[PDB]
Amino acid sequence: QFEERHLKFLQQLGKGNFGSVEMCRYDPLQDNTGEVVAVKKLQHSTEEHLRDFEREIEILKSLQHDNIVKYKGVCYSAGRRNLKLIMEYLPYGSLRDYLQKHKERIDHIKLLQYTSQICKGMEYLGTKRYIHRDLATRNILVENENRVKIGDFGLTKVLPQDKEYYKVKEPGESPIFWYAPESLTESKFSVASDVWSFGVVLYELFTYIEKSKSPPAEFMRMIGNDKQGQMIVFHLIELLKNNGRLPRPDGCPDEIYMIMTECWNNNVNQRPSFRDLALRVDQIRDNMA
């Protein structure tokens, strides 16, 4: 629906897995009246990354939720080359950068509002049997001060109709400090592994994205910064199996930290559901108000 000749590049917004996102104005009338949009592209169009990108486009197009970034259309050139995903532009950027900049004027009640919106969006994904596999504050976008949206689905997979997990091992670098143990050991991804990752997102929010408090920084210090290459994931696996966890962030209440630790259960089946997470968060949020 979007013609490439009317997409005017403005600036780069971010770079994720196998591609980037650009700020563009779609100005078909060429009179500077078109809306600003976000455009995702692949940095190199391999036929494996292309079909993964086409599956990502179909996944986002089928999601309609207040806390999921809105799909707008597609755009390609020469026949069907240079596929581009057109999304709504969210003016405040990623939640990670937003929280780090406004940390002094974002209180705990506001964090729980973001936490509850992420949970409702994740529950919506579960009803479609989608596994996000990449939940992190860098992948959450801020529409305004009162609303956030899950903003990237490059690693999202559809569950098989006969199983409740999806096995996959991507060649490259994986966000192992957000990964559930069964994802590190067996490459199994499920709703329960998304719940593990959500607990790390909750940890991120209450550290206010502080320098030395990031999950990679805390985990690499616990296993020792001595560890090299593949012995990092080996020592991370052993640390989690012995119930080594991220510490409680400064100023985080006990009831909020216990939600994280309950999300960080080695027993896959004992982790809470996203509906129960939204319930406990909402009731805590109401008690504070």
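Definition used throughout: the rigid core is the maximal C-alpha set that superposes within 1.5 Å between two forms. Each residue number is its position in the shown sequence, starting from 1.
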Positional deviation of Cα atoms in 7 other deposited structures of this protein after core superposition, greater for 96-104 or 139-147: 96-104
To spell it out: superpose each other structure in 7 other deposited structures of this protein onto this one by the rigid core, compute Cα RMS over structures and residues for 200-208 and for 149-157. Which is larger? 149-157
Compared with other deposited entries of this protein, is residue 171 missing coordinates in at least a third of those that cover its neighbours? yes
Check whether residue 17 goes without coordinates in at least a third of the other compared PDB entries of this protein that model residues on both sides of it. yes
Please compare 219-227 with 251-259 and name the stretch with the higher mean C-alpha B-factor in the deposited structure. 219-227
Selected stretch [higher average CA B-factor]: 130-138 or 162-170: 162-170
Name the one of 77, 100, 185, 117 with the greatest CA B-factor according to the PDB entry. 77
At the C-alpha atoms, which of 69, 236, 38, 57 reaches the highest B-factor in this entry? 236
Lowest, middle or highest third of the chain for the C-alpha temperature factor of residue 62? lowest
Ordered by C-alpha B-factor within the chain, which third holds residue 107? Give me lowest, middle or highest, please. middle
Based on the deposited C-alpha B factors for this chain, I'd like to know if residue 197 is in the lowest, middle or highest third. lowest
Divide the modelled residues of the chain into thirds by Cα B-factor and specify which third, lowest, middle or highest, holds residue 176. middle
Give the position of residue 146 by CA B-factor within its chain, expressed as the lowest, middle or highest third. highest
